[PDB]
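S.K.: model the following, please.
(one chain, ligands or ions: 2)
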Amino acid sequence: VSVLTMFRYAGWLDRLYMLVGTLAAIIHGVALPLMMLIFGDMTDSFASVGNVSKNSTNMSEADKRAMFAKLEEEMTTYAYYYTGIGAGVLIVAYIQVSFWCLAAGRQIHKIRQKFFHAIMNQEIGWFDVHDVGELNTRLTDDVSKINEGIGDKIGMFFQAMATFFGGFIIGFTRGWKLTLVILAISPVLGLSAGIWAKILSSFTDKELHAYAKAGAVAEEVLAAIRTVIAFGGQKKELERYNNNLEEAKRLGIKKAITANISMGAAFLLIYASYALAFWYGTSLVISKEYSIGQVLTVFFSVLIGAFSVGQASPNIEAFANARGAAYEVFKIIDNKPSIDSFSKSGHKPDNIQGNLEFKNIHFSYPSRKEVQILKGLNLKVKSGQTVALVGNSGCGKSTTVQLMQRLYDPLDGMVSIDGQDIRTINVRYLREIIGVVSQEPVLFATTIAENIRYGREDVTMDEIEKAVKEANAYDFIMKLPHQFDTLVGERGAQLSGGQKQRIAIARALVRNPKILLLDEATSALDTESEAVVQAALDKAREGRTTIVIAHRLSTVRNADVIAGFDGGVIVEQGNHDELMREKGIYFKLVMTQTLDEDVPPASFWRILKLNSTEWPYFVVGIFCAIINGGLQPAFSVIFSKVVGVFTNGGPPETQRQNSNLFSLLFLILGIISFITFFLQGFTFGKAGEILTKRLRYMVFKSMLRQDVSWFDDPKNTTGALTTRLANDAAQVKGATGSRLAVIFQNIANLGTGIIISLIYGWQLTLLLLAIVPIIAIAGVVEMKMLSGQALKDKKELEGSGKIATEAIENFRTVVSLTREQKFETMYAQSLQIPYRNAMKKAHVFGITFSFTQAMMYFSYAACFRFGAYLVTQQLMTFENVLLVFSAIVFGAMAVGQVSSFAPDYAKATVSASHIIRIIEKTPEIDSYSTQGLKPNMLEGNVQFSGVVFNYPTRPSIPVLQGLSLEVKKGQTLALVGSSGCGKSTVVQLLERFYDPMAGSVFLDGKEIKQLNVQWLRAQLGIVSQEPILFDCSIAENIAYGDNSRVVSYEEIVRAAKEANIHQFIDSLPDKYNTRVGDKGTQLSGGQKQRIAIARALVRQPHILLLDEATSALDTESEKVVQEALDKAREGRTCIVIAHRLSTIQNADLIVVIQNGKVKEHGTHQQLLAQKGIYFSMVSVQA
Ligand SMILES: Nc1ncnc2c1ncn2[C@@H]1O[C@H](COP(=O)(O)OP(=O)(O)O)[C@@H](O)[C@H]1O
Ligand SMILES: Nc1ncnc2c1ncn2[C@@H]1O[C@H](COP(=O)(O)OP(=O)(O)O)[C@@H](O)[C@H]1O
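M.R.: Residues are numbered from 1 along each chain as shown. Ligands and ions are numbered 1, 2, ... in the order given. Have a look at this structure:
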């Protein structure tokens, strides 16, 4: 209905031209079966000659005279047919592609310009609706679909219907029996495709549920990565992950099995129809003059028409996607929300020293996060006053500044400019009397001259000069090469934040306004710049009424009037003295303040290198593809033999040969093709299956064996890694299938065709290869030309979009209106360049396609041309005329598949790059020894000497600078201080995750780096500051066995008892075997921390590590957990990094750490007796 009605918006010539396009489209479509009627005619005469030459056999010289004269006469008319249709189909070709560019061009240009223009004219609304910059993304995709909707695709659709319905017209008239037979296979072929779609829908959801587990198991483990290494539960998360893989491979293969059978059987019913047509076609020969070979050909083209319906379907999908995308932005495009925004027309008053008078204003933001920021306002400011706003954040100081522009229309009351209504008058004019100095001084990246020039479209370079000088912006322009003509470089790097603000002050001075609205125009600057901007602001004031917003109370001292706010309600009014004397809000504030996915080196067939390593057998698939490839010509030769025994040979046994060939056609084709196709299907099926396992196996097991700048700093999120495993293993699954797919078409065209060529006339071979290789290259060279024009188009539109997106993302473009239409001039000038490229590529796209359809007729041309003459005179044969047409169609399926597997190989290579860099390794925690798991190395005195550290992201302050520590056995090492002191970092280096940039840490003398990995996970008592459960039952969470670990009933009991989680274990029936579910994210914190403790003491370490388990908990929970801790330590090292210094007083050695530097160190009572750092930390904690 409505979807395409809006879509048209077709110009004066366009609406006419839509009809010219339709009009060429029919007659383009029609010409192909008419062209094939001539092919039937050439058959008809050859038969009228052959049946009497063979059935008389009483002359051979009469036949050489009279029979060849009719053939000669017929050939004179043939010459004027193929040339005529060719000359039509050439022109109409160019016309339908001109539809593609020229009509679309003018639509896109209209859309783009309306879009950019409607946006600047609706102000607020664009910002209200969705998020800025996502709009120019979606818009630039939309205008691409426009090319497709006003595209030649529509023309192709009409053309398709003409070959179809129009095919049946000629069919019906030359014989109506066979019409009914073709009309019946259409519902059969449609039923079969219907089972296909069913199989697809069922098997997809199945692969998805299966892979779902493999993604959930892989997701949680790789985020919990530091914890799982540390308890040594790797081999179990590996096995569980392997478990999901065994089930996923069996649904993957059944899918492949079903796909081949559905697809095999599909081709079967096509082959049956192809035979069936002949069999019922023959019945019209032997006993009737009803078919003379006309309908036999004409009905083959009706099948090509039925496939033309299949080509329609994409055309339609392009059109739907084009309308749907369009009508949704049409909504913002056409229809501004308006009547509180606009930008154009209305009355203009005269403002000389406007007042600000606020009358009973309450307002709320759209988001219902902050509702009524403003509520009840009476403020009356006389001209030549300076009003100060002090408050709290939520007073909506920003809100009053928006209402003043008339961006919103206030909920209650009105704000009256010069005591006159602000909702009656033109916005534009209103904007010009009101200067605004922004809280973000972001500007365009254009010349210093252009930035002053945005303030009024009349500033001469003198005034620019005058501007920078009073605005004390006159410094940086001189340092900068080229004075004013210095373009603001990069993304803003030629200017400080301070310098930007200075350009904005200079600009608001150039505008000469009577209201000056200063929003953090003295706040967010350094102590030096502050004075500089203040003096400039002073010089800009005292000739105008102004409102200054500042958080700096030193500048609000000297304001004429201060007005207090505590939430939106105007509380104080008076000047400095009046406020301070009463002790208002103001007096209150005085007192408070006093990619990684683009791998660079490209593969060189590393695909098949790695495939071939994990390859075990299957030489039969490719061999089966070769025979299935030569199997295709057996039909075409058989069809020659059909029409063969009908053209030449008398009436006796014509029928018999056809009956025999019918049966032969069945057994040779339908039956063997299914078998041999399923054999190839079993081969690439199992190939992708075992790749699907082994790859995901070989990545994920290698992942648990890596750490460090991808698990000690991920540069691709967990979900993106899981995505990579998905996509990759699926992609190779299709890749193996593409190998055999190329071999299939290769023997199918080139190979078997050669055999066929040897039985040609030796001239035909020569003539033929002057077509077939040429038309192949010619479609490829079209693809090349297609992408070449596309690539250059994307660059041009990128620049017009870049300058658009920069304006819309800046909310300060809406503040101005003066540079809006200036901006819309530039957008116009930029959009003219694609207009010209659209006209240039109209002839380019136009001439390529015309030349492709010119080679179709030229084939048929050389075919019938040469087929007569020297060949008709002597050595006339029924066959090799139909094989030429097959050869044309063999190049079609070769070029088509070759182009198809171009993106297949691309994505296959990319998948390979990933699998190679995983195989490339980072060889940290691969497994090492320096002991035999000796039990006389237990604890030690662990040394840290001269250790510096800074994260793999370098800008984040180096947290360890000059750190050296010591820890003696049997003693709790507290570590206290404050954040960013490398508290946590110390625990990380003792666990062996990302060891320090410089310096070293030793056990007894052997580095952590060379420490025995296995024994290290039976030497840790780690506790997270976020403990997280696994999908495993609580019993299995609590304890995890391995070949480094044991588990037992008695163990989990003692762990739960000691950890005090046993309270919670009691509740819930099945006790320990009770599963919570939902990744056990349903537990309360107290429960969680205990669960981490129970894990800790299972490992039987002599080192406990505690990560903020009293700053992630509160109350009785902290205490109970400290009790679990107290009974665990029976005289062993513990690390408490916790920031509650009130529960640290038991620690034997407290280290006060500043930025890697031990400041004070010692036992509690010493440090506490000091009035130094430590005591100050305990004082301030409480
Ligand atoms: N237009 C806005 N809508 C929503 N939040 C805003 C907006 N502008 C600023 N903010 C943020 O919300 C905070 C408080 O809201 P606001 O009503 O602007 O209080 P105030 O202007 O008095 O500081 C600001 O400090 C800022 O971080
Ligand atoms: N793997 C990491 N990569 C990047 N930054 C990290 C990583 N780990 C932690 N950080 C960040 O570095 C901060 C400071 O580190 P650290 O001094 O160890 O913290 P704290 O002393 O408060 O426990 C962390 O609080 C966090 O914001």
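
S.K.: the residue nearest to residue 566 when sequence neighbours are not counted - how many residues pack around it?
M.R.: Nearest residue to residue 566, sequence neighbours excluded (C-beta to C-beta, 6 or more residues apart in numbering): residue 585, at 5.7 Å. For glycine as for every other residue, the C-beta is placed from the backbone atoms N, C-alpha and C. The local packing of residue 585 (other C-beta atoms under 10 Å) involves 20 other residues.

S.K.: what are the phi and psi values for residue 946?
M.R.: phi 50, psi 40 (degrees, to the nearest 10).

S.K.: can I assume it is in contact with residue 965?
M.R.: No: here residue 946 lies out of contact with residue 965, judged by C-beta atoms under 8 Å, at a distance of 10.6 Å.

S.K.: quick one: which of those two has more around it?
M.R.: Comparing residue 946 with residue 965 by neighbour count (other C-beta under 10 Å), the higher total belongs to residue 965, at 18 against 13.

S.K.: how about the helices in the stretch 451-600 of the chain?
M.R.: For the stretch 451-600 of the chain, applying DSSP state H, counting those that start in this stretch gives helices covering 461-470, 476-479, 497-510, 527-540, 576-582, 585-592.

S.K.: residue 53 against residue 64, yeah?
M.R.: No: the criterion here is C-beta under 8 Å, and residue 53 misses it with residue 64 at 10.0 Å.

S.K.: between those two, point out the one with more neighbours.
M.R.: residue 53 (18 against 13).

S.K.: which residues sit in contact with the residue in the stretch 451-600 of the chain that ligand 1 sits nearest to?
M.R.: Using C-beta to the nearest ligand atom, residue 565 is the residue of the stretch 451-600 of the chain that sits closest to ligand 1, at 7.1 Å. Neighbouring residues of residue 565 by C-beta atoms under 8 Å, 6 or more residues apart in numbering: 389-392, 395, 397, 571, 585.

S.K.: what is the nearest of those residues to residue 981?
M.R.: residue 392 (32.8 Å; C-beta to C-beta).

S.K.: surely the closest one and residue 569 touch.
M.R.: No: using C-beta under 8 Å, residue 392 is not in contact with residue 569; the gap is 11.6 Å.

S.K.: which residues does stretch 738-753 contact?
M.R.: Against stretch 738-753 from outside (C-beta under 8 Å, 6+ apart): 608, 621-622, 625-626, 628-630, 632-633, 680, 683-684, 887, 890-891, 893-894, 897-898, 901, 904-905, 908.

S.K.: no, scratch that, I was asking about stretch 73-86
M.R.: With C-beta under 8 Å, 6+ apart, stretch 73-86 has contacts from 31, 34-35, 38, 41-42, 45, 854, 857-858, 860-861, 864, 868.

S.K.: ok, of the contacts of residue 565, which come out buried?
M.R.: Buried members of those, scored by 16 or more other C-beta atoms under 10 Å, are 389-391, 395, 397, 585.

S.K.: ok so, going back, format the helices of the stretch 451-600 of the chain as a markdown table; extra columns: distance to residue 57.
M.R.: Listed next are the helices of the stretch 451-600 of the chain as a markdown table, based on distance: least, C-beta to C-beta, whole Å:
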| stretch | distance to residue 57 |
| --- | --- |
| helix 461-470 | 104 |
| helix 476-479 | 106 |
| helix 497-510 | 103 |
| helix 527-540 | 113 |
| helix 576-582 | 128 |
| helix 585-592 | 122 |
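
S.K.: save the ones you listed as CSV, and put in distance to ligand 2 too.
M.R.: What follows is the helices of the stretch 451-600 of the chain, written out as CSV (distance: least, C-beta to the nearest ligand atom, whole Å):
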stretch, distance to ligand 2
helix 461-470, 42
helix 476-479, 35
helix 497-510, 24
helix 527-540, 29
helix 576-582, 41
helix 585-592, 27
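
S.K.: which residue does the stretch 501-650 of the chain have closest to ligand 2?
M.R.: Among the residues of the stretch 501-650 of the chain, residue 596 lies closest to ligand 2, at 15.0 Å counting by C-beta to the nearest ligand atom.

S.K.: next up, phi/psi of the closest residue to that residue other than its chain neighbours, please.
M.R.: Among residues not flanking residue 596 along the chain, residue 715 sits closest, at 4.7 Å (C-beta to C-beta, 6+ apart). Here is the backbone geometry of residue 715 (degrees, to the nearest 10): phi -110, psi 0.

S.K.: and residue 715, how far from residue 218?
M.R.: 18 Å (C-beta to C-beta, to the nearest Å).

S.K.: who has more neighbours, those two?
M.R.: residue 218 (24 against 12).

S.K.: buried members of the contacts of stretch 73-86 into ChimeraX, please.
M.R.: A single ChimeraX command selects the buried members of these (16+ other C-beta under 10 Å):
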select :31,35,38,41,42,45,854,857,858,860,861,864,868
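
S.K.: show me which pair in the contacts of stretch 73-86 is furthest apart.
M.R.: 45 and 854 (26.7 Å).

S.K.: who touches the nearest residue to residue 500 once chain neighbours are set aside in this structure?
M.R.: Closest residue to residue 500 in three dimensions, ignoring its sequence neighbours and counting by C-beta to C-beta, 6+ apart: residue 441, at 3.8 Å. By C-beta under 8 Å, 6+ apart, residue 441 lies in contact with 497, 500-501, 503-504.

S.K.: buried ones among those?
M.R.: Judged by 16+ other C-beta under 10 Å, buried ones among the contacts of residue 441: 500-501, 503-504.

S.K.: export those to a markdown table and tack on distance to residue 519?
M.R.: Listed next are the buried ones among the contacts of residue 441 as a markdown table, based on distance: C-beta to C-beta, whole Å:
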| residue | distance to residue 519 |
| --- | --- |
| 500 | 14 |
| 501 | 11 |
| 503 | 16 |
| 504 | 10 |
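
S.K.: would you mind giving the contacts of residue 441 as TSV with distance to residue 304 added?
M.R.: Output for the contacts of residue 441, formatted as TSV (distance: C-beta to C-beta, whole Å):
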residue	distance to residue 304
497	69
500	67
501	71
503	68
504	68
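
S.K.: pop the domain breakdown of the chain in here.
M.R.: Domain ranges of the chain: 1-169+292-346+780-874, 356-560, 938-1021+1102-1109+1135-1182, 1025-1100, per automatic domain parsing.

S.K.: is any residue of the third one near ligand 2?
M.R.: What it means is domain 938-1021+1102-1109+1135-1182. Yes: applying C-beta under 6 Å from any ligand atom, one finds domain 938-1021+1102-1109+1135-1182 touching ligand 2 at 951, 953, 959, 979-985.

S.K.: so which of the residues you listed is surrounded by the most neighbours?
M.R.: residue 982 leads these on contacts (other C-beta under 10 Å) with 27 neighbours.

S.K.: quick one on the thing from earlier: what's the most distant pair in the buried ones among the contacts of residue 441?
M.R.: 501 and 503 (7.4 Å).

S.K.: got the residues of the stretch 551-700 of the chain near ligand 2?
M.R.: Close to ligand 2, as judged by C-beta under 6 Å from any ligand atom, the stretch 551-700 of the chain has no residues.
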